[PDB]
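Worksheet for the structure shown next.
What follows is calculated from the coordinates using simple rules that are stated; it is not laboratory data. In this analysis, Cβ positions are derived from the backbone assuming ideal geometry, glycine residues included, and neighbour counts consider all displayed protein chains.
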Amino acid sequence: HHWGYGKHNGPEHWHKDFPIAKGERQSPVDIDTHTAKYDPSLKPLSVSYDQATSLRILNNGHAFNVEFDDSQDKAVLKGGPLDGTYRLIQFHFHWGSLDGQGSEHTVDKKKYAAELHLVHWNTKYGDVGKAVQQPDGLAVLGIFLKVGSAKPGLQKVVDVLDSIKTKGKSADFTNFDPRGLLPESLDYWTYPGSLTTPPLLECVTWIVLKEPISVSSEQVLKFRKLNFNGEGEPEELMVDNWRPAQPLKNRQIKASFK
Ligand SMILES: NS(=O)(=O)c1ccc(C(=O)NCc2ccccc2F)cc1
Ligand SMILES: [Hg+2]
Ligand SMILES: [Zn+2]
């Protein structure tokens, strides 16, 4: 039926309705640090989230998204391997039922507890709808989460999860600063890829940060209390909403550091 992460409609079944699932530039991938090429020509990342305007948070049945006002250049990503300006439209996470899994990307086969995706779209295309149809329409900043100390900046997100427990629920989420979710360093790996959920469009330039952020066990626990199902339907805990690593094929992962 509609896609999910369960036994009968999970990643291994997506190819039936979305042929692109077996394409040439699918994500996520495993980052082999020893074969990644240090590219000295990669420019540093430029993150300008000072004028970011969050609007709401919603449970779309696959994860929870915090949406931002992208009507104009308020929160943008430039530099790195990007040509142009990409506006932040939303961010979400992928997590597991256990601390030893949750990330989509792996580093030397190592899985993290979760993964944050800050989704941006190329402004030269006018709207996200057009951007998804282009090979460089999207730029997603990936940040690994590992369990340890608490992340203050993540707490506001954690506190409101009860208001959006089931599919379809949304809550006003204004004045949230995404800068509180960034690690100290902006060193990254980059490669051409795709959305990790259907439609699985290959329109993404992936930028994965080397340094994970730490979140407390209690914070991740709250992610695990969300529901895939809507109100009044049988409870299915939202956990393990991650796609396993895809083959790298004819691609090269570049690194901005050595
Ligand atoms: N996990 S991830 O790769 O960062 C990712 C980022 C954005 C989307 C998205 O916008 N989906 C909706 C959507 C997009 C395009 C066409 C139809 C849709 F429903 C999905 C996955
Ligand atoms: Hg595309
Ligand atoms: Zn994602």
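Here are the numbers for the structure shown:
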| quantity | calculated |
| --- | --- |
| Interchain or long-range residues, amide H under 5 Å from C203's placed H | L195 |
| Label point distance in nm, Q133-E231, each placed 7 Å from Cα along Cα→Cβ | 3.7 |
| Cβ-derived FRET efficiency at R0 30 Å, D50 paired with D172, nearest 0.05 | 0.90 |
| Rg(Cα) / (2.2 N^0.38 Å) computed for the stretch 44-182, rounded to two decimals | 1.06 |
| Residue-averaged [θ]222 nm for the chain, counting only DSSP H segments that reach four residues, each worth -39500 (n - 2.57) | -1500 deg cm²/dmol |
| Label zone at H1 (point 7 Å along Cα-to-Cβ), backbone N below 12 Å, the stretch 226-258 | 229-230, 233-234 |
| Contour excess over end-to-end distance, with Cα ends at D17 and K156 and 0.36 nm allotted per residue | 46.3 nm |
| Extension gain from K109 to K43, taking 0.36 nm per residue of separation minus the Cα-Cα distance | 21.0 nm |
| Antiparallel bridge percentage (DSSP; both residues within the chain; nearest 5) | 80 |
| Net lengthening on full extension, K78/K124 (0.36 nm per residue, minus Cα-Cα) | 15.3 nm |
| HN-Hα J in Hz across the stretch 128-139 - Karplus 6.51, -1.76, 1.60, θ = phi - 60°, x for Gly and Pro | 4, x, 6, 4, 5, 8, 10, x, 10, x, 10, 9 |
| Cα Rg over Rh - the chain, Kirkwood | 0.93 |
| Alpha-carbon centroid distance for the pair the stretch 7-79 / the stretch 173-212, whole angstrom | 5 |
| Amide H contacts of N229 (H built 1.01 Å from N, under 5 Å, at least 5 apart or other chain) | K167, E236 |
| Rough spin-label spacing in nm, given labels placed 7 Å along Cα→Cβ, for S216 and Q252 | 4.5 |
| Sequence-distant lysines (8 or more away, or on other chains) whose Cα lies within less than 23 Å of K16 | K7, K249 |
| Cβ-Cβ FRET estimate between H34 and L98, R0 fixed at 25 Å, reported to 0.05 | 0.35 |
